[PDB]
Amino acid sequence: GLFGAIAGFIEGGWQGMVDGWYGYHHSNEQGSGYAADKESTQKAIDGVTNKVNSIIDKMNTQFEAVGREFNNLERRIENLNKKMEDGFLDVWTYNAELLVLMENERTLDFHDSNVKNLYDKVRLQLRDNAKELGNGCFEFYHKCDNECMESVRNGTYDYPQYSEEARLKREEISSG
Amino acid sequence: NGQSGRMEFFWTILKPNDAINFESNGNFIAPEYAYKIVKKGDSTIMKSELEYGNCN
Ligand SMILES: *[C@@H]1O[C@H](CO)[C@@H](O[C@@H]2O[C@H](CO)[C@@H](O)[C@H](O)[C@H]2NC(C)=O)[C@H](O)[C@H]1NC(C)=O
Ligand SMILES: *[C@@H]1O[C@H](CO)[C@@H](O)[C@H](O)[C@H]1NC(C)=O
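First to last, the sequence lines map onto chains A and B. End of the first sequence sits at 178 in our numbering; the numbers just go up one at a time, nothing left out. End of the second sequence sits at 59 in our numbering; the numbers just go up one at a time, nothing left out.
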């Protein structure tokens with residue numbers, strides 16, 4: 003997409019995550035599993051719901067056609083009435099199709115933005131304490147248990163707490 | 004319909020406490036039955052070939 007997260011550096015989606023639109027997959031000594039950010043999913047759901055509501059009943063009064071009849075010697079006004087009603091119907095049909103097409107583009111890019119924003123949210127929290135693998139995954143330089151995983155997921159990762167342990171591992175890897 | 008003659012019909016709306024007066028000495032198609040507008044509201048004349056379907 004525009005932000006290059008969905009079908010981008012994250013090559014594919016996950017069928018194992020059913021409880022949310024976006025989330026994480028952790029794999030540590032205690033096991034592996036899926037989860038959700040619980041924030042981006044809520045913000046997206048409300049944002050998508052608001053968009054759908056803002057399209058449904060925003061037309062206020064889309065032109066309601068009314069049947070009118072004209073005799074044999076009123077062809078001009080009859081053709082005028084036919085053109086008028088057909089004109090409004092085409093205008094609103096164009097508005098309906100175009101709005102759906104344009105907002106569909108924004109909605110998918112909106113989902114793309116949220117994934118990249120979530121990816122940046124985790125990248126900026128870890129900083130150098132992990133290694134960016136380039137496919138949407140981060141490899142920790144320190145031990146991260148389940149509670150450590152939850153800290154990353156809910157935005158409360160303590161960088162200095164594991165900074166010294168990560169520095170020892172970064173030194174070892176760079177030294178060979 | 005087998006007739007070369009013509010019948011040209013006219014109508015009017017008679018408001019309350021208003022009187023309609025007729026005077027003719029020939030070719031008069033006199034009225035017998037009139038219609039009271041006993042309910043006004045939204046309606047339409049729908050041009051369709053279908054008929055009743057006993058539904059709501
Ligand atoms: C994010 O999740 C963590 C982990 O659940 C929350 O904090 C810790 O929770 C564990 C047990 O659930 C406690 O033993 C710790 O004392 C909690 N505090 C800390 C500082 O680790 C944390 O509170 C969550 N995020 C927010 C904003 O509250
Ligand atoms: C309605 O019509 C007459 C005049 O056309 C009016 O003077 C009279 O008050 C009304 N008739 C009756 C019967 O009330």
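Note that CB positions come from ideal geometry on N, CA and C, so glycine has one too.
Rounded straight-line distance, which links the Cα of residue j to that of residue i
i	j	result
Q32/A	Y159/A	19 Å
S29/A	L101/A	42 Å
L91/A	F65/A	7 Å
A38/A	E13/A	19 Å
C58/B	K39/B	29 Å
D21/B	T15/B	12 Å
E71/A	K50/B	10 Å
Distance CB(residue i)-CB(residue j) smaller than 8 Å
i	j	result
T47/B	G69/A	yes
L120/A	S42/A	yes
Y161/A	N116/A	no
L4/A	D147/A	no
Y36/A	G18/A	yes
Residues sharing a beta bridge with residue i, DSSP
i	result
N30/A	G33/A
residue 2/A	Because chain A spans 3 through 178 in this model, residue 2/A falls outside it and cannot be assessed.
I8/A	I12/A
Ligand 4 heavy atom lying under 7 Å from the CB of residue i
i	result
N24/B	In the structure on display, ligand 4 does not appear, and the ligands it does have are ligand 1 and ligand 2.
Touch check for the region 46–53 of chain A and the region 166–173 of chain A: three-plus C-beta pairs under 8 Å?
no
Across the region 120–137 of chain A and the region 154–163 of chain A, are there enough close Cβ pairs to call them in contact, namely three or more that are closer than 8 Å?
yes
Is the number of C-beta pairs between the region 5–19 of chain A and the region 106–126 of chain A that are closer than 8 Å three or more?
yes
Runs of 3 residues minimum, wholly inside the region 63–146 of chain A: which ones carry the beta strand (DSSP E) assignment?
132–134 and 140–142
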